[PDB]
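Raw contents of entry.txt, compact mmCIF, N, CA, C and O atoms:
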```
# COMPACT_ATOMS: atom_id res chain seq x y z
N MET C 17 -138.06 -257.22 229.14
CA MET C 17 -136.92 -257.36 230.07
C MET C 17 -137.15 -256.42 231.24
O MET C 17 -137.24 -256.85 232.39
N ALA C 18 -137.28 -255.15 230.95
CA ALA C 18 -137.54 -254.14 231.94
C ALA C 18 -138.58 -253.20 231.38
O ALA C 18 -138.64 -253.02 230.16
N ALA C 19 -139.41 -252.64 232.23
CA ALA C 19 -140.48 -251.78 231.78
C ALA C 19 -140.24 -250.31 232.12
O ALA C 19 -140.47 -249.88 233.25
N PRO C 20 -139.71 -249.52 231.17
CA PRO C 20 -139.52 -248.10 231.36
C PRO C 20 -140.78 -247.33 230.95
O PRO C 20 -141.47 -247.73 229.99
N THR C 21 -141.10 -246.28 231.67
CA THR C 21 -142.26 -245.46 231.38
C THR C 21 -142.15 -244.85 229.96
O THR C 21 -141.18 -244.16 229.65
N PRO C 22 -143.16 -245.09 229.08
CA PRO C 22 -143.15 -244.64 227.66
C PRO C 22 -143.46 -243.14 227.47
O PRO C 22 -143.97 -242.73 226.43
N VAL C 23 -143.09 -242.34 228.47
CA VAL C 23 -143.28 -240.89 228.49
C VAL C 23 -144.77 -240.50 228.64
O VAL C 23 -145.59 -240.76 227.76
N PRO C 24 -145.12 -239.85 229.76
CA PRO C 24 -146.49 -239.39 230.01
C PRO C 24 -146.76 -238.04 229.31
O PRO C 24 -147.32 -237.11 229.90
N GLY C 25 -146.38 -237.95 228.06
CA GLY C 25 -146.58 -236.75 227.31
C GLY C 25 -146.57 -237.01 225.83
O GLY C 25 -146.09 -236.20 225.05
N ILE C 26 -147.05 -238.16 225.45
CA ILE C 26 -147.11 -238.50 224.04
C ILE C 26 -148.54 -238.33 223.58
O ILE C 26 -149.44 -238.33 224.41
N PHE C 27 -148.73 -238.17 222.28
CA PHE C 27 -150.05 -237.90 221.66
C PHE C 27 -150.49 -236.45 221.92
O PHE C 27 -150.75 -235.70 220.98
N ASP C 28 -150.55 -236.06 223.18
CA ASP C 28 -150.93 -234.70 223.53
C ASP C 28 -149.70 -233.81 223.48
O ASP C 28 -148.57 -234.30 223.42
N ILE C 29 -149.90 -232.52 223.51
CA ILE C 29 -148.81 -231.57 223.37
C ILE C 29 -148.27 -231.03 224.72
O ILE C 29 -147.72 -229.91 224.77
N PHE C 30 -148.39 -231.86 225.79
CA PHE C 30 -147.88 -231.55 227.16
C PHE C 30 -148.70 -230.47 227.82
O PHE C 30 -148.28 -229.85 228.81
N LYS C 31 -149.88 -230.27 227.31
CA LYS C 31 -150.77 -229.27 227.79
C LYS C 31 -152.17 -229.66 227.38
O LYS C 31 -152.35 -230.38 226.38
N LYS C 32 -153.13 -229.25 228.15
CA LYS C 32 -154.51 -229.52 227.84
C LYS C 32 -155.08 -228.25 227.24
O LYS C 32 -154.66 -227.16 227.62
N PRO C 33 -156.03 -228.35 226.30
CA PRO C 33 -156.66 -227.16 225.66
C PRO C 33 -157.68 -226.45 226.59
O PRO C 33 -158.63 -225.81 226.13
N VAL C 34 -157.44 -226.55 227.87
CA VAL C 34 -158.27 -225.98 228.91
C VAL C 34 -157.34 -225.24 229.87
O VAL C 34 -156.12 -225.42 229.77
N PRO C 35 -157.86 -224.37 230.76
CA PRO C 35 -157.02 -223.62 231.72
C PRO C 35 -156.20 -224.51 232.69
O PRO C 35 -156.68 -224.91 233.76
N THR C 36 -155.00 -224.86 232.27
CA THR C 36 -154.09 -225.62 233.10
C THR C 36 -152.88 -224.77 233.47
O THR C 36 -151.85 -225.27 233.95
N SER C 37 -152.99 -223.48 233.24
CA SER C 37 -151.96 -222.55 233.56
C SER C 37 -152.60 -221.21 233.90
O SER C 37 -153.69 -220.88 233.43
N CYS C 38 -151.94 -220.47 234.73
CA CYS C 38 -152.41 -219.22 235.23
C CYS C 38 -151.35 -218.17 234.95
O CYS C 38 -150.17 -218.40 235.19
N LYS C 39 -151.75 -217.04 234.45
CA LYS C 39 -150.84 -215.98 234.12
C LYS C 39 -151.02 -214.86 235.14
O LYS C 39 -151.94 -214.07 235.07
N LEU C 40 -150.17 -214.86 236.11
CA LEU C 40 -150.22 -213.89 237.18
C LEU C 40 -149.44 -212.69 236.78
O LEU C 40 -148.38 -212.81 236.18
N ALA C 41 -149.96 -211.54 237.09
CA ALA C 41 -149.32 -210.33 236.72
C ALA C 41 -149.42 -209.34 237.82
O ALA C 41 -150.52 -208.99 238.25
N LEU C 42 -148.31 -208.91 238.30
CA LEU C 42 -148.29 -207.91 239.28
C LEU C 42 -148.04 -206.61 238.61
O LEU C 42 -147.07 -206.46 237.83
N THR C 43 -148.90 -205.69 238.90
CA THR C 43 -148.87 -204.39 238.36
C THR C 43 -148.89 -203.41 239.54
O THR C 43 -149.54 -203.69 240.56
N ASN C 44 -148.17 -202.33 239.42
CA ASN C 44 -148.11 -201.33 240.49
C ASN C 44 -149.32 -200.40 240.46
O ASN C 44 -150.26 -200.63 239.70
N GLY C 45 -149.29 -199.34 241.26
CA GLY C 45 -150.41 -198.39 241.32
C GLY C 45 -150.59 -197.63 240.02
O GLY C 45 -151.66 -197.12 239.73
N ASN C 46 -149.54 -197.59 239.24
CA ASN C 46 -149.56 -196.94 237.93
C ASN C 46 -149.92 -197.95 236.87
O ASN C 46 -149.88 -197.67 235.67
N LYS C 47 -150.26 -199.15 237.34
CA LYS C 47 -150.67 -200.30 236.54
C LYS C 47 -149.60 -200.79 235.60
O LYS C 47 -149.89 -201.52 234.65
N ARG C 48 -148.35 -200.46 235.89
CA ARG C 48 -147.26 -200.95 235.11
C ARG C 48 -147.08 -202.39 235.53
O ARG C 48 -147.01 -202.67 236.74
N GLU C 49 -147.09 -203.29 234.58
CA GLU C 49 -146.92 -204.70 234.86
C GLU C 49 -145.47 -204.93 235.23
O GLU C 49 -144.60 -205.02 234.36
N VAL C 50 -145.21 -204.95 236.51
CA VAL C 50 -143.88 -205.06 237.02
C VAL C 50 -143.37 -206.47 236.89
O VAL C 50 -142.17 -206.68 236.72
N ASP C 51 -144.28 -207.43 236.94
CA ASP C 51 -143.87 -208.81 236.71
C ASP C 51 -145.06 -209.61 236.26
O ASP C 51 -146.21 -209.20 236.47
N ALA C 52 -144.80 -210.75 235.71
CA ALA C 52 -145.79 -211.61 235.14
C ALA C 52 -145.19 -212.98 235.01
O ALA C 52 -144.10 -213.13 234.47
N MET C 53 -145.87 -213.96 235.51
CA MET C 53 -145.39 -215.33 235.47
C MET C 53 -146.53 -216.28 235.19
O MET C 53 -147.64 -216.10 235.70
N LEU C 54 -146.27 -217.23 234.35
CA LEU C 54 -147.18 -218.26 234.04
C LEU C 54 -146.94 -219.42 235.00
O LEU C 54 -145.89 -220.08 234.94
N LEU C 55 -147.85 -219.63 235.89
CA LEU C 55 -147.77 -220.66 236.91
C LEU C 55 -148.85 -221.71 236.67
O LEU C 55 -149.77 -221.48 235.90
N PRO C 56 -148.73 -222.91 237.28
CA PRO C 56 -149.79 -223.91 237.22
C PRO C 56 -150.92 -223.55 238.20
O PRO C 56 -150.75 -222.67 239.07
N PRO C 57 -152.11 -224.20 238.09
CA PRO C 57 -153.21 -223.96 239.01
C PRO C 57 -152.80 -224.29 240.44
O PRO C 57 -152.11 -225.30 240.68
N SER C 58 -153.17 -223.41 241.37
CA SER C 58 -152.86 -223.55 242.79
C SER C 58 -151.34 -223.40 243.07
O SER C 58 -150.82 -223.89 244.08
N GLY C 59 -150.65 -222.71 242.18
CA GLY C 59 -149.24 -222.48 242.36
C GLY C 59 -148.94 -221.17 243.06
O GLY C 59 -149.84 -220.33 243.26
N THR C 60 -147.70 -220.98 243.42
CA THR C 60 -147.25 -219.79 244.08
C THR C 60 -146.38 -218.99 243.12
O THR C 60 -145.34 -219.45 242.68
N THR C 61 -146.83 -217.82 242.79
CA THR C 61 -146.14 -217.01 241.83
C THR C 61 -145.24 -215.98 242.51
O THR C 61 -145.71 -215.17 243.31
N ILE C 62 -143.97 -216.01 242.20
CA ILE C 62 -143.05 -215.02 242.71
C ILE C 62 -142.95 -213.89 241.69
O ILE C 62 -142.44 -214.06 240.58
N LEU C 63 -143.49 -212.75 242.05
CA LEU C 63 -143.52 -211.59 241.19
C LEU C 63 -142.64 -210.49 241.76
O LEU C 63 -142.80 -210.07 242.92
N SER C 64 -141.73 -210.01 240.97
CA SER C 64 -140.78 -209.02 241.39
C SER C 64 -141.22 -207.63 240.95
O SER C 64 -141.50 -207.38 239.79
N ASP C 65 -141.32 -206.75 241.90
CA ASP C 65 -141.72 -205.38 241.64
C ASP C 65 -140.52 -204.49 241.32
O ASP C 65 -139.59 -204.42 242.10
N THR C 66 -140.59 -203.77 240.24
CA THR C 66 -139.50 -202.90 239.83
C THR C 66 -139.67 -201.49 240.44
O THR C 66 -138.80 -200.61 240.30
N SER C 67 -140.77 -201.28 241.12
CA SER C 67 -141.02 -200.00 241.76
C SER C 67 -140.20 -199.89 243.06
O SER C 67 -139.56 -198.87 243.32
N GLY C 68 -140.22 -200.95 243.85
CA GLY C 68 -139.49 -200.98 245.07
C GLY C 68 -139.08 -202.38 245.48
O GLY C 68 -138.44 -202.54 246.51
N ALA C 69 -139.46 -203.40 244.68
CA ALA C 69 -139.09 -204.78 244.93
C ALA C 69 -139.63 -205.31 246.24
O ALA C 69 -138.93 -205.41 247.25
N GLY C 70 -140.91 -205.61 246.21
CA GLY C 70 -141.56 -206.17 247.38
C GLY C 70 -141.48 -207.66 247.35
O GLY C 70 -141.65 -208.31 248.38
N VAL C 71 -141.19 -208.18 246.15
CA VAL C 71 -141.09 -209.61 245.85
C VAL C 71 -142.33 -210.34 246.38
O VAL C 71 -142.34 -210.89 247.49
N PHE C 72 -143.36 -210.27 245.61
CA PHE C 72 -144.64 -210.75 246.03
C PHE C 72 -144.90 -212.16 245.60
O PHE C 72 -144.74 -212.50 244.43
N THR C 73 -145.29 -212.97 246.53
CA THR C 73 -145.61 -214.34 246.27
C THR C 73 -147.14 -214.49 246.26
O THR C 73 -147.78 -214.52 247.31
N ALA C 74 -147.70 -214.51 245.08
CA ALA C 74 -149.12 -214.65 244.88
C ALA C 74 -149.47 -216.12 244.85
O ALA C 74 -149.10 -216.84 243.94
N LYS C 75 -150.13 -216.56 245.87
CA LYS C 75 -150.54 -217.94 245.97
C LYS C 75 -151.94 -218.05 245.38
O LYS C 75 -152.87 -217.44 245.91
N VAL C 76 -152.09 -218.76 244.30
CA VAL C 76 -153.39 -218.86 243.64
C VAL C 76 -154.11 -220.14 243.97
O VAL C 76 -153.55 -221.05 244.59
N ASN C 77 -155.35 -220.19 243.59
CA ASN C 77 -156.15 -221.38 243.71
C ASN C 77 -156.25 -221.98 242.30
O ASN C 77 -155.68 -221.40 241.36
N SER C 78 -156.98 -223.05 242.11
CA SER C 78 -157.02 -223.72 240.81
C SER C 78 -157.88 -222.95 239.80
O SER C 78 -158.03 -223.35 238.64
N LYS C 79 -158.37 -221.82 240.26
CA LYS C 79 -159.17 -220.90 239.49
C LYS C 79 -158.26 -219.88 238.82
O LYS C 79 -158.73 -219.01 238.10
N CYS C 80 -156.95 -219.96 239.14
CA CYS C 80 -155.93 -219.04 238.62
C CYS C 80 -156.07 -217.65 239.22
O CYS C 80 -155.48 -216.69 238.75
N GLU C 81 -156.81 -217.57 240.31
CA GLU C 81 -156.99 -216.35 241.01
C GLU C 81 -156.17 -216.39 242.23
O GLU C 81 -156.09 -217.44 242.90
N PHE C 82 -155.56 -215.28 242.53
CA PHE C 82 -154.71 -215.18 243.66
C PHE C 82 -155.54 -215.20 244.93
O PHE C 82 -156.59 -214.56 245.02
N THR C 83 -155.10 -215.97 245.87
CA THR C 83 -155.78 -216.07 247.12
C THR C 83 -155.09 -215.22 248.19
O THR C 83 -155.75 -214.42 248.88
N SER C 84 -153.77 -215.33 248.28
CA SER C 84 -153.02 -214.59 249.26
C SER C 84 -151.66 -214.23 248.68
O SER C 84 -151.07 -215.04 247.96
N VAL C 85 -151.21 -213.02 248.91
CA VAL C 85 -149.90 -212.61 248.50
C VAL C 85 -149.03 -212.44 249.72
O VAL C 85 -149.41 -211.76 250.67
N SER C 86 -147.90 -213.06 249.70
CA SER C 86 -146.94 -212.92 250.74
C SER C 86 -145.88 -211.92 250.27
O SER C 86 -145.53 -211.92 249.08
N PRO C 87 -145.38 -211.02 251.15
CA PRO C 87 -145.79 -210.95 252.57
C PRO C 87 -147.21 -210.40 252.76
O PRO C 87 -147.97 -210.88 253.62
N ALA C 88 -147.55 -209.42 251.96
CA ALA C 88 -148.83 -208.76 251.97
C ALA C 88 -148.83 -207.82 250.82
O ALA C 88 -147.81 -207.17 250.57
N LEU C 89 -149.91 -207.75 250.11
CA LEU C 89 -149.99 -206.87 248.98
C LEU C 89 -150.45 -205.50 249.45
O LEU C 89 -151.47 -205.38 250.12
N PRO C 90 -149.70 -204.45 249.15
CA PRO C 90 -150.04 -203.10 249.56
C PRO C 90 -151.12 -202.48 248.66
O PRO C 90 -151.44 -203.01 247.58
N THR C 91 -151.64 -201.38 249.10
CA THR C 91 -152.67 -200.66 248.40
C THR C 91 -152.13 -200.03 247.12
O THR C 91 -151.11 -199.32 247.13
N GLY C 92 -152.76 -200.36 246.01
CA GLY C 92 -152.37 -199.81 244.74
C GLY C 92 -151.89 -200.88 243.82
O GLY C 92 -152.09 -200.80 242.60
N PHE C 93 -151.29 -201.90 244.38
CA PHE C 93 -150.80 -203.00 243.60
C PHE C 93 -151.90 -203.94 243.23
O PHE C 93 -152.79 -204.24 244.04
N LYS C 94 -151.86 -204.40 242.02
CA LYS C 94 -152.84 -205.30 241.51
C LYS C 94 -152.18 -206.55 240.97
O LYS C 94 -151.35 -206.48 240.06
N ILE C 95 -152.53 -207.65 241.57
CA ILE C 95 -152.11 -208.95 241.13
C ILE C 95 -153.24 -209.49 240.28
O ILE C 95 -154.29 -209.89 240.80
N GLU C 96 -153.07 -209.42 239.01
CA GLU C 96 -154.06 -209.89 238.11
C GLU C 96 -153.88 -211.37 237.87
O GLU C 96 -152.81 -211.81 237.41
N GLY C 97 -154.87 -212.12 238.25
CA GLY C 97 -154.87 -213.52 238.02
C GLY C 97 -155.48 -213.83 236.69
O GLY C 97 -156.66 -214.22 236.60
N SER C 98 -154.72 -213.62 235.65
CA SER C 98 -155.16 -213.92 234.33
C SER C 98 -155.01 -215.42 234.14
O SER C 98 -154.23 -216.08 234.83
N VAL C 99 -155.76 -215.97 233.27
CA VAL C 99 -155.71 -217.39 233.06
C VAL C 99 -155.03 -217.64 231.74
O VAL C 99 -154.90 -216.71 230.92
N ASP C 100 -154.52 -218.84 231.55
CA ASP C 100 -153.99 -219.24 230.27
C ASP C 100 -155.12 -219.18 229.28
O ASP C 100 -156.17 -219.81 229.48
N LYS C 101 -154.94 -218.40 228.27
CA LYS C 101 -155.98 -218.09 227.33
C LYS C 101 -156.09 -219.16 226.26
O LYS C 101 -155.29 -220.08 226.20
N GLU C 102 -157.11 -219.01 225.42
CA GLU C 102 -157.32 -219.87 224.25
C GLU C 102 -156.17 -219.67 223.26
O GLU C 102 -155.92 -220.51 222.39
N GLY C 103 -155.54 -218.55 223.39
CA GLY C 103 -154.40 -218.22 222.62
C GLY C 103 -153.23 -218.05 223.56
O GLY C 103 -153.42 -218.08 224.78
N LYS C 104 -152.07 -217.83 223.03
CA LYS C 104 -150.87 -217.72 223.84
C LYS C 104 -150.88 -216.46 224.73
O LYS C 104 -151.33 -215.39 224.28
N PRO C 105 -150.44 -216.61 226.01
CA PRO C 105 -150.39 -215.53 227.01
C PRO C 105 -149.81 -214.21 226.49
O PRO C 105 -148.58 -214.11 226.30
```

How does this structure look as structure tokens?
Amino acid sequence: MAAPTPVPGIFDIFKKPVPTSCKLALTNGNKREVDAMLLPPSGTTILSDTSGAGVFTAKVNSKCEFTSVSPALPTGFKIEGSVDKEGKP
């Protein structure tokens, strides 16, 4: 009668057993992980700093590595572009 989409997430577990997610982590100069977000490849991660709240937007590539942080990442801060691991983040 009508053809509804049979859900594009059956059989598989809505994730691939390969790096389809990126775990971005903003850490301050003291390396305290001030924020951490699991984003998709080439996504923009909004990371909130508890040191002074710079609210950093880490724009990554499909490599899960940050390419550019908006507004600008200051000296001391480390945006770790961790990848979705073989195990849970």

- Name the residues of chain C that fall into strand (DSSP E or B) according to DSSP on the backbone, using the chain letters and numbers of this document, as a ChimeraX atom specification. /C:38-43,49-55,60-63,72-76,82-86,94-99

- Query: How many Å lie between atom O of residue 58 in chain C and CA of residue 78 in chain C, rounded to one decimal?
  - Reply: 7.0 Å

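Interatomic distance, atom O of residue 84 in chain C to atom N of residue 47 in chain C: 19.1 Å.
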
- Item | Of the listed residues C:38, C:29, C:53, C:74, that which approaches residue 98 in chain C most closely, counting only N, CA, C and O atoms |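 Looking only at the distances to residue 98 in chain C, the closest residue turns out to be C:38.
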
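Atom pair atom N of residue 92 in chain C / atom O of residue 46 in chain C: separated by 11.1 Å.
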
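With all atoms listed in the file as the atoms that count, the minimum distance from residue 50 in chain C to the choices C:36, C:64, C:86, C:73 is reached by C:64.
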
- Message: For residue 80 in chain C, find every residue with an atom within 7 Å (counting all atoms listed in the file), except residues of its own chain fewer than 6 positions away, and show them as a PyMOL selection string.
- Response: chain C and resi 37-40+56-58+96-99

- Query: Which of these, C:30, C:83, C:89, C:100, has the shortest distance to residue 70 in chain C once you count only C-alpha atoms?
  - Reply: C:89

- Message: I'd like the contact shell of residue 93 in chain C - 12 Å cut-off, only C-alpha atoms, skipping same-chain residues fewer than 2 positions apart - returned as a VMD selection string.
- Response: chain C and resid 41 to 51 63 to 72 74 85 88 to 91 95 to 96
